[PDB]
């Protein structure tokens, strides 16, 4: 339809400047969506997702995490999962004040899915629906201990060598990712590894705190985050209205796959069922 983007910013944890987009369609908003991107990317890789949501009368708030895209902070530097979740909580507060009376939908992809889950456990009544795209949620006990120790002393130390070529079966998506100057083109730092384990170590203990309906999306050929971790999440959450949509043969970024228009139409159908 016609969904215009406006750029704003707020002060995050440590007074780090956090830039976010607001996508507004030319119609009375049916609900608001607060979107959390994954590791190394930024909110401008979701223009087509925000535009698709605007077609359904949804307003989308999408922020760049600290150390990502337009936001402040050292690139992909993080020391605690609470840094990500507090800034997401601040954005949800912004959207709640701007649109009172609208249902609140929290959407997260990959690391953003782990962020949205950690926020959702802390504030289970601050949102109405939750949608997760291959969430980084289930990350031996000795390696978990050592990784969280390292990430708390040298959170900027490179550790894990991630395969960007597994993000999508679309060659244009893999190419656009790799030539984007705003995108992180390095190894996973130790701080991000610790934050991921922080949501992973506590998922089965704290998943019962969730109450709002939940939809999980995951391609079966995901080589970055295994689909079995999503099968285990939906069995642990306390929410009664839960379902996981598996896309056979799709890669990590189901919103960027050639079948993205089918994936996005499944998300809009799920939301319209509950709005």
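Numbering follows the first chain given and starts at 1.
- Count the deposited residues lacking coordinates between residue 166 and residue 167 and you get none at all.
- For the pair 37 to 45 and 220 to 228, the mean Cα B-factor is higher in 220 to 228.
- Stretches 90 to 98 and 113 to 121 differ in mean C-alpha B factor, with the higher average recorded for 90 to 98.
- When the C-alpha B-factors of 133, 71, 85, 126 are read from the PDB record, the largest value belongs to 126.
- Per the deposited coordinates, the residue with the largest Cα temperature factor out of 157, 107, 78, 176 is 176.
- In the deposited entry, the Cα temperature factor of residue 264 places it in the lowest third of its chain's modelled residues.
- In the deposited entry, the Cα temperature factor of residue 215 places it in the lowest third of its chain's modelled residues.
- When all modelled residues of the chain are sorted by CA temperature factor, residue 57 is found within the middle third.
- Compared with the other modelled residues of the chain, the Cα B-factor recorded for residue 11 ranks in the middle third.
- In the PDB entry, a CA B factor belonging to the highest third of its chain's modelled residues is recorded for residue 152.
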